[PDB]
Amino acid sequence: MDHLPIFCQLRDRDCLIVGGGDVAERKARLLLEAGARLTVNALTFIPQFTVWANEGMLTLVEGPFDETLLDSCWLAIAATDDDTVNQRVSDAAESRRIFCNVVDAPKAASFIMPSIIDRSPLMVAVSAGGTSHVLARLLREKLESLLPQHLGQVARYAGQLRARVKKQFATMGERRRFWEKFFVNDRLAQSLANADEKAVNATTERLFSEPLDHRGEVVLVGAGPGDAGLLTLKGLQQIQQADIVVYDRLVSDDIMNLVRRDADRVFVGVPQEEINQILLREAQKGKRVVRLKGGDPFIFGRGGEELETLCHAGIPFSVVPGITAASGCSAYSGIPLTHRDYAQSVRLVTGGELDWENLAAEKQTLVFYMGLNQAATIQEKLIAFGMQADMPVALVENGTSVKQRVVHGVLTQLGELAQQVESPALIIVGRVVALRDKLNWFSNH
């Protein structure tokens, strides 16, 4: 222990920042978020300070550092580019026993500012003694990804409720198991954040009526197309809380590596009815169920079918969208789905029968899902229905993954090019495909 972390209550307390440039602006922003009664003293100010001053948010004192400005101070920050001024600030603060930070000199004064993860009233702070700002930031990034955005809502609502939980639960063992379920109920958190009382109270005494061991729900989570970094923050959080993860072939190994160590896994890679009942069966055993699907759940994912099974049974559900194959393949192949006036619309199409005259019309970007089989037919029909034979085409196999393959050419070679790839692959047809020679940044295989 070389530093003692404390969480200061600054609301309406006088604090002083010396300095008026970009560094001081960042510290002022932070102290204002904490409700400090802030004075800023500097020889000159960048315009953000005059804005705040004109909105009554702080006081400005233009001129040399005046150590009487510390007279009723609780905290001081020296944020100038002048070592001599910063040392004058820290000496004047030290003689008054005012905790003081010198931004460019962590061992020069009496406190250092840690990296902060804010879920107020819940807060986390990280500091390596000031000798590793990159390390503290790498930890902040991990923590920001793991703490749900609305955790603070549930933290505050916990107090509004501590009495009722003591009278329905006698032992401290059951009370702890109640808090465990309460704080990971992200649905209650989101309902609190939405200010939706009908949803809030519907979730609340469902927590008091259900037995403590029951936590039955289904979350559909979009895994994205392959790259584990394309999972959403909320997707990661949900798969870290699942009792049971139901997945298939199109969820990548990298994503599955993120699944919490002791979750049960069920591989359904199998008619849809079997899958719908698996989710129902697992949810009615009272378990927190995540159905992980490749890409986005509601784009040729049959996610709607999985959810109507559950609405029937009174099982709570939610959906976390994911990066669909079109978006992932577009970004990683350097083929934007729109560009300038090239396309008035993007068409996401599955390979009843397709309306070929419609697909052939000009000023579209066509994106075929599950169309490898019909790729010879697609070429033949588009040409017969008037698409210019020189229309650029591309096929992206295993888009966003470390084995992504991109082959490209013109419409007359589509059935040719399709044999060079296997599923999962996308076919993109449109003038945007010509941009790849300028926008290609990801390694090809």
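From 1 onward, residues are counted along the sequence shown.
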Deposited residues lacking coordinates between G351 and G352 (none, 1 to 3, 4 to 9, 10 or more): 4 to 9
Residues of the deposited sequence that sit between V270 and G269 yet are not modelled: 4 to 9
Mean temperature factor over C-alpha atoms, higher-scoring stretch between 329-337 and 311-319: 311-319
Comparing 382-390 with 33-41, the one whose average Cα B-factor in the PDB entry is higher: 382-390
Out of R96, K293, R260, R288, highest CA B-factor residue: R260
Member of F182, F208, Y247, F298 with the greatest C-alpha B factor (per the PDB record): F208
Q87, C-alpha B-factor rank within chain (lowest, middle or highest third): middle
Assigned third (lowest, middle, highest) for the C-alpha B factor of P114: lowest
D213, C-alpha B-factor rank within chain (lowest, middle or highest third): highest
Among modelled residues of the same chain, the CA temperature factor third for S401: lowest
Chain third (lowest, middle, highest) by recorded CA B-factor, residue given as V103: lowest
